[PDB]
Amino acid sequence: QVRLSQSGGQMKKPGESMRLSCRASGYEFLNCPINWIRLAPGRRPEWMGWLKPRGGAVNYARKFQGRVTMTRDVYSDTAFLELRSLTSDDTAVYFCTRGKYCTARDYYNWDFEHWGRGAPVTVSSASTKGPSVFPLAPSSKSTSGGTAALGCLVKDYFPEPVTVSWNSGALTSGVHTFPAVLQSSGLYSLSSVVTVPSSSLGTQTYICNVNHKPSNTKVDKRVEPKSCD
């Protein structure tokens, strides 16, 4: 069983450098070149280059020449990718790959049978930040005759992700938690909403549960109808 094992995802600021590692098993490391390929969501995949574990010969794509360095450690069957002077355009999932045909005698590099699970790298000038949670209270402007709507606005946090639940998971029906959006500020914002019988507003109590592990912050905001005298 041929396999490629990758190091985890990283968070960088612009200007910094990163090292990713790819470790092989199930075959003789020295026989095949190893490739690095980045996939930015919604953009064309970019082959960055290959490295030959035997010899350390290297070949980089023209756009990365001067800023990237590939190396291996034959003691551990590990290949390394280092990228310098990072910018937001370097945000992507970084994969290592290996060709399909590989024996002790020959190989062929370009049919990528074997991929690592990928290392997600985000380059942003933002620093990790716990969100602010705001009530999206129900009213007459959210009561459609018999069924109402309420929610929570989870604003200005970084990085992804946050988890949101209602009544500690008790409430799940009619709940829509939306995909976060990225703001000019470089910070994320998302909303979670749930529709319920306007009849219940009076009795039933609704609480949204927001957890943002990266900043180790956990908030429970109660969402109720605004009191009008």
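Note that residue numbering follows the sequence shown and begins at 1.
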property: 214-222 or 19-27, whichever carries the higher mean Cα B-factor; result: 214-222
property: Average Cα temperature factor in the PDB entry - higher stretch of 97-105, 154-162; result: 154-162
property: Selection from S184, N59, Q65, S199 [criterion: highest C-alpha temperature factor in the record]; result: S199
property: Candidate set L86, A148, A92, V74 [ranked by C-alpha B-factor, highest]; result: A148
property: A126 - Cα temperature factor, lowest/middle/highest third of chain; result: middle
property: Ranked C-alpha temperature factor of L4 among modelled chain residues, by third; result: lowest
property: Record-listed C-alpha B factor of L39: chain third; result: lowest
property: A180 - Cα temperature factor, lowest/middle/highest third of chain; result: middle
property: Within-chain third of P120 by Cα B-factor, per the entry; result: middle
